[PDB]
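*Asks:* before the rest arrives, take these chain(s) from the complex:
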Amino acid sequence: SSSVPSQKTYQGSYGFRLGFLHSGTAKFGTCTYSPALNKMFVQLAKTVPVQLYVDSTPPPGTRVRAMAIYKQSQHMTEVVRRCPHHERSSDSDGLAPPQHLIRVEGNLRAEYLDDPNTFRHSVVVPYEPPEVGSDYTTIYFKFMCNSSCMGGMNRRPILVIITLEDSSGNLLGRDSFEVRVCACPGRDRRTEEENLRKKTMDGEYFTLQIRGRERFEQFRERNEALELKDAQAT
Amino acid sequence: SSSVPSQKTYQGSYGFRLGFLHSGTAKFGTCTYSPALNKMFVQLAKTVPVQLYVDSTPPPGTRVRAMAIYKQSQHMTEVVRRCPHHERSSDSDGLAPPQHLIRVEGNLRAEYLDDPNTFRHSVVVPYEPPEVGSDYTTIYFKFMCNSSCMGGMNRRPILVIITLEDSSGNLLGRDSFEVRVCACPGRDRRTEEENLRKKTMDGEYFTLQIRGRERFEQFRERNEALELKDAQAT
């Protein structure tokens, strides 16, 4: 039990936001991103490239923090950590504590915090400008546990919160995306995108006894507008 | 020995009311809320989130009171406790009295009051201002005792009054909503919303073709919301 950190998108004064467009080779050979679900599908310990976008350059000392929380409300108050099994392993490069789920790769300037009040785990790195020629900064993450790990996430969906903060920790920007660490990213992505499709492309009409004339016309109208936009695979 | 607290629709000075995240009606769905009923169906021990909305932020310290008492008048003056089976059953938290129905997990500034004289269990938390970007406040409850339990609510309906206090605990806000804790929120929600519509179905009601199952739930999530106003001022 611990207070739940906000997950509301907030572009802030710098128009902070994330992107997931990276070469499908040597970087995406494992993981795949679903725009429709805003969910990343990656294997255990495999690198996940995330792009940081910002309109103007942040003040000196700005950092980028990554944190994980459970998506479902009945679990939002439970800290996200590694399972007993994976926790005890040499997989730790020394820098990252064995109990942290999220790891930053390719950056020795990373810093892992184990909040003394919320007991929440997070990893932080100094904000760095985009490479000349590009308009985004790249950050490489690694997830050290399967979403299914018993004792750990235990088949519970998680959400990664990326926050842009000043030297003092004050919020400057915040974005997020769902994550499922599994053994078959490609497969699982199809299944989920397929289930999403059905929930959308459903052909079972229904009825409702609306009241009044105006309110009646509201739905009746806003409905003919949507029932028209259905023309997508036409 | 004492009396029962009121529950008049008291918005307040700013604009204090409660909101509930729309839940998809199922069978064993952990939790769901009925708009046209103002009733919250939910299994026990399963965290339930309740939204806090308000215009201008009240004066610092102004806490938010949450209490629950039997719906019907016949037992309205009876203390709401748990069954002897659940009494023994200890909880992860000791900061919350065992014979307590309502709870507030993920918080530390929450007070699980226990009024001896009036004999009315309750709980209060310091109204937290909406996070930078966040448009409202959230609080998590965990009703620790079913309604059908023998030796407790014993099938007897309940209710939960969320009132806004102040430095001492006077008046500044008021809200309410029925709370039936069971093992089938979805199943029970149909049998009730349906049995409701089986009452006075005549008048201005015209048929309206609605495609899509989910989209069908959407059109009702609003038609009923507006239909509430047709009762709000009754």
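*Replies:* The structure has been received and is ready for your questions. Numbering: from 1, shown residues only, chains lettered A, B, ... in the order given.

*Asks:* can you give me the helices in chain A?
*Replies:* A:84-87, A:185-200, A:214-229 (DSSP state H).

*Asks:* deepest-packed of those helices, please.
*Replies:* helix A:84-87 (a mean of 15; mean count of other C-beta atoms under 10 Å in any protein chain shown). The C-beta positions use only the backbone N, C-alpha and C, and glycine is treated the same way.

*Asks:* can I get the helices of chain A in CSV with distance to residue B:193?
*Replies:* Formatted as CSV, these follow (distance: least, C-beta to C-beta, whole Å):
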stretch, distance to residue B:193
helix A:84-87, 44
helix A:185-200, 22
helix A:214-229, 19
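
*Asks:* and the residue lying closest to residue A:177 once chain neighbours are set aside, how many neighbours does it have?
*Replies:* Spatial nearest neighbour of residue A:177, chain neighbours left out: residue A:38 (5.4 Å); criterion: C-beta to C-beta, 6 or more residues apart in numbering or on different chains. Neighbourhood size, residue A:38 [other C-beta atoms under 10 Å in any protein chain shown]: 13.

*Asks:* quick check: residue A:38 touching residue A:179?
*Replies:* No. The criterion here is C-beta atoms under 8 Å, and residue A:38 misses it with residue A:179 at 10.2 Å.

*Asks:* give me the number of residues near the nearest residue to residue A:58 once chain neighbours are set aside?
*Replies:* Distances taken as C-beta to C-beta, 6+ apart put residue A:127 closest to residue A:58, at 5.4 Å, once the chain neighbours are dropped. By other C-beta under 10 Å, 22 other residues sit near residue A:127.

*Asks:* give the contact list for residue A:127.
*Replies:* Each residue near residue A:127 by C-beta atoms under 8 Å, 6 or more residues apart in numbering or on different chains is listed here: A:52, A:58, A:62-64, A:137, A:164.

*Asks:* follow-up on the earlier one: can you lay out the helices of chain A as JSON lines showing distance to chain B?
*Replies:* Shown next, in JSON lines, are the helices of chain A (distance: least, C-beta to the nearest C-beta, whole Å):
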{"stretch": "helix A:84-87", "distance to chain B": "18"}
{"stretch": "helix A:185-200", "distance to chain B": "6"}
{"stretch": "helix A:214-229", "distance to chain B": "6"}
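
*Asks:* residues from chain A in reach of chain B?
*Replies:* Contact residues (C-beta under 8 Å from any C-beta of the partner chain) of chain A with chain B: A:1-4, A:6, A:8-10, A:12, A:73-77, A:171, A:174, A:199-200, A:202-212, A:215-216, A:219-220, A:223, A:226-227, A:230.

*Asks:* make it 7 Å
*Replies:* Neighbours of chain B within chain A, by C-beta under 7 Å from any C-beta of the partner chain: A:1-4, A:6, A:8, A:10, A:73-74, A:77, A:171, A:174, A:199, A:202, A:204-212, A:215-216, A:219-220, A:223, A:227.

*Asks:* chain C goes on too:
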Amino acid sequence: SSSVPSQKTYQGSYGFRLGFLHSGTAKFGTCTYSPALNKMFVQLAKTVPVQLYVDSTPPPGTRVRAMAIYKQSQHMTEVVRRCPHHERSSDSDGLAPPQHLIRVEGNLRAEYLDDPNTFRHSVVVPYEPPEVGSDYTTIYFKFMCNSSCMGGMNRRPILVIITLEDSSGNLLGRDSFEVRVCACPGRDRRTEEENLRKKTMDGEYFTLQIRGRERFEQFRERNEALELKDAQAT
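*Replies:* This next block brings in chain C, placed alongside the chains you saw above:
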């Protein structure tokens, strides 16, 4: 967790065994017995007459003990007691401890034991000869909890072990019968006897490949034996 007491029928040197043939009025107005299931169906706290049969008269000091254990193997090691709710009640005539499920009625010579090693509950009464004219002794029992009581038996089927022991406690005879304490004995009995019928009204066939002439002979003969018993009662 406690060692499981034997439940194997043992007529012993006295041909000890039970019978359940009692007037359907003032004695069976509540409970009913199923020969096909060897299961008694009785309401909470209602008297249940059981007949003790014996070929020759037992030595001086013989007693009759009644004990309850769970029928299903996964529960056999758990002591059978009353639920928290019913446990706390004036229903106790003083003689019988509030935690005992089984009670002997109409006999102030009864004695309730709460085993110091197995923690098992039981009630004992001195063996008494049959009434002149009859060839059986009657004993009246009372069950203080529904089979469904949560915290108690919790919908788990139980089995009552009646043992005939000498003054020292040594086993002389043992018999048993299943018991379901419910609110509608008649109803429940029909349902269960009806389900039993279907299971035996099964008329699907299967072929078996037996290896070895003498084996087939033995297997065949056995199957015929059952084939006949199928005609014996149709």
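
*Asks:* now with chain C: the contacts of residue A:127?
*Replies:* Residues near residue A:127 by C-beta atoms under 7 Å, 6 or more residues apart in numbering or on different chains: A:58, A:62-64, A:164.

*Asks:* phi, psi of it?
*Replies:* Here the main-chain torsion angles of residue A:127 (degrees, to the nearest 10) amount to phi -70, psi 130.

*Asks:* so which bits of chain A are right by chain C?
*Replies:* So chain A never meets chain C (C-beta under 7 Å from any C-beta).

*Asks:* for the residue nearest to the spatial centre of chain A, what are its contacts?
*Replies:* Geometric centre of chain A, nearest residue: residue A:177, 2.0 Å, by C-alpha atoms, centre = their mean. Residue A:177 is in contact with A:18, A:38-40, A:160, counting by C-beta under 7 Å, 6+ apart.

*Asks:* for it, give the beta-bridge partners.
*Replies:* Under DSSP bridges, the beta-bridge partners of residue A:177 are residue A:160.

*Asks:* strands along chain A, start to end?
*Replies:* In chain A, the segments counted as strands under DSSP state E are A:17-19, A:32-34, A:39-42, A:48-53, A:63-70, A:102-105, A:111-114, A:121-126, A:136-143, A:158-165, A:171-181.

*Asks:* and of the ones you listed, who's closest to residue C:98?
*Replies:* strand A:63-70 (44.4 Å; C-beta to C-beta).

*Asks:* pretty sure residue A:150 sits against residue A:83.
*Replies:* Yes. Contact criterion C-beta atoms under 7 Å: residue A:150 and residue A:83 qualify, at 6.4 Å.

*Asks:* still on that earlier bit, can you put the strands of chain A in JSON lines and add distance to residue C:112?
*Replies:* Converted to JSON lines, those look like this (distance: least, C-beta to C-beta, whole Å):
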{"stretch": "strand A:17-19", "distance to residue C:112": "71"}
{"stretch": "strand A:32-34", "distance to residue C:112": "67"}
{"stretch": "strand A:39-42", "distance to residue C:112": "63"}
{"stretch": "strand A:48-53", "distance to residue C:112": "67"}
{"stretch": "strand A:63-70", "distance to residue C:112": "51"}
{"stretch": "strand A:102-105", "distance to residue C:112": "61"}
{"stretch": "strand A:111-114", "distance to residue C:112": "57"}
{"stretch": "strand A:121-126", "distance to residue C:112": "56"}
{"stretch": "strand A:136-143", "distance to residue C:112": "61"}
{"stretch": "strand A:158-165", "distance to residue C:112": "56"}
{"stretch": "strand A:171-181", "distance to residue C:112": "59"}
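
*Asks:* out of those, which is closest to residue B:44?
*Replies:* Judged by C-beta to C-beta, the one of the strands of chain A that comes nearest to residue B:44 is strand A:63-70, at 19.8 Å.

*Asks:* what residues of the closest one count as buried?
*Replies:* Using 16 or more other C-beta atoms under 10 Å in any protein chain shown as the test for burial, strand A:63-70 gives A:63-70.

*Asks:* chain D should go on the structure too:
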Amino acid sequence: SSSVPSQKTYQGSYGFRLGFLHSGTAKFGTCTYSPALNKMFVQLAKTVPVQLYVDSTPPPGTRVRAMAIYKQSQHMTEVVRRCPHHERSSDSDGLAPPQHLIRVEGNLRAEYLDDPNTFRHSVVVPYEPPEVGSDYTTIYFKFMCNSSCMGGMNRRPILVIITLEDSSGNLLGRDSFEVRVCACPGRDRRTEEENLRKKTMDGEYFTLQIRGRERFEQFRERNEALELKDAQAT
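*Replies:* Below is chain D, added to the chains above:
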């Protein structure tokens, strides 16, 4: 490779051997034994009864010890213990070390040993004679892990060894059986006997028709049991 406990069946001077109960191939059947494979299919932490048969009463102070080892030769030298997850969890039982895989229910005289040399785990209990009227004594075990727990048995098959030792620890008897702790005993069993049933099937087989699914499976059991004795006895 330094020390592996024998698994050679040895009836000994007292004709020691085990027996089990007849279970149905349910879906989530708590426990079920397969005479065809001499393997027990049981759910995590659910009671498993094992019948102890003896031709003659063993000397005073005789004990029974259960120990688990891996069945596959390449793992025989690896101690069988609980996995990191389940290990870090104190169950209602406090007599058994948290790392031991096998536990004994309802017996406060059980003693758990951690061998100082072999480092193997084992639980021991006093041998008790059969209760008057019975032909065997019975022990109730519990397996605190799934055959598939990662960091534990890791989908590796285990063999449970029951030895009958004298007051000095000398061998008096030994029998054994395979164990699979899983979520669906019935299912997993039906599958194994299946693949087994489609193997070695040559010779002259007499055919016999049986009516009713229950009857058939009883016959099929006994027959599959004899086909096991035939095999190993050349």
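
*Asks:* please look at the contacts of residue A:127 again, because chain D has been put in.
*Replies:* By C-beta under 7 Å, 6+ apart, the contact list for residue A:127 reads A:58, A:62-64, A:164.

*Asks:* now do 8 Å
*Replies:* Per C-beta under 8 Å, 6+ apart, neighbours of residue A:127: A:52, A:58, A:62-64, A:137, A:164.

*Asks:* run a quick neighbour tally on the closest residue to chain C within chain A.
*Replies:* Going by C-beta to the nearest C-beta, chain C is nearest to residue A:150 of chain A, at 22.4 Å. A total of 20 residues lie near residue A:150 under the criterion other C-beta under 10 Å.

*Asks:* nearest residue to it in space, ignoring adjacent ones along the chain?
*Replies:* Spatial nearest neighbour of residue A:150, chain neighbours left out: residue D:85 (5.6 Å); criterion: C-beta to C-beta, 6+ apart.

*Asks:* so what's the residue count around that neighbour?
*Replies:* Neighbours of residue D:85 (other C-beta under 10 Å): 21.

*Asks:* the one 4 residues further on now?
*Replies:* Other residues within reach of residue D:89 by the criterion other C-beta under 10 Å amount to 11.

*Asks:* excluding residues flanking it in the chain, which one is nearest it?
*Replies:* Distances taken as C-beta to C-beta, 6+ apart place residue D:98 nearest to residue D:89, at 7.0 Å, with adjacent residues excluded.

*Asks:* against residue D:109, how distant is the one you found?
*Replies:* Distance, residue D:98 to residue D:109, by C-beta to C-beta, to the nearest Å: 20 Å.

*Asks:* again, but for residue A:130
*Replies:* Distance, residue A:130 to residue D:109, by C-beta to C-beta: 72 Å.

*Asks:* again, but for residue A:76
*Replies:* To residue D:109, residue A:76 is 47 Å away according to C-beta to C-beta.

*Asks:* any idea what the closest residue to residue A:136 other than its chain neighbours is bridged to?
*Replies:* The shortest distance from residue A:136 to any non-neighbouring residue, by C-beta to C-beta, 6+ apart, is to residue A:51 (4.2 Å). Beta-bridge pairing for residue A:51 (DSSP bridges): residue A:19, residue A:138.

*Asks:* OK, contacts around residue A:51?
*Replies:* Residue A:51 neighbours (C-beta under 8 Å, 6+ apart): A:18-22, A:136-139.

*Asks:* how about a markdown table for those, with neighbour count added?
*Replies:* Output for the contacts of residue A:51, formatted as a markdown table (neighbours: other C-beta atoms under 10 Å in any protein chain shown):
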| residue | neighbour count |
| --- | --- |
| A:18 | 18 |
| A:19 | 15 |
| A:20 | 17 |
| A:21 | 10 |
| A:22 | 18 |
| A:136 | 16 |
| A:137 | 16 |
| A:138 | 16 |
| A:139 | 22 |
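
*Asks:* buried residues in stretch A:172-187?
*Replies:* For stretch A:172-187, burial by neighbour count (16+ other C-beta under 10 Å) applies to A:172-177, A:179-182, A:185.
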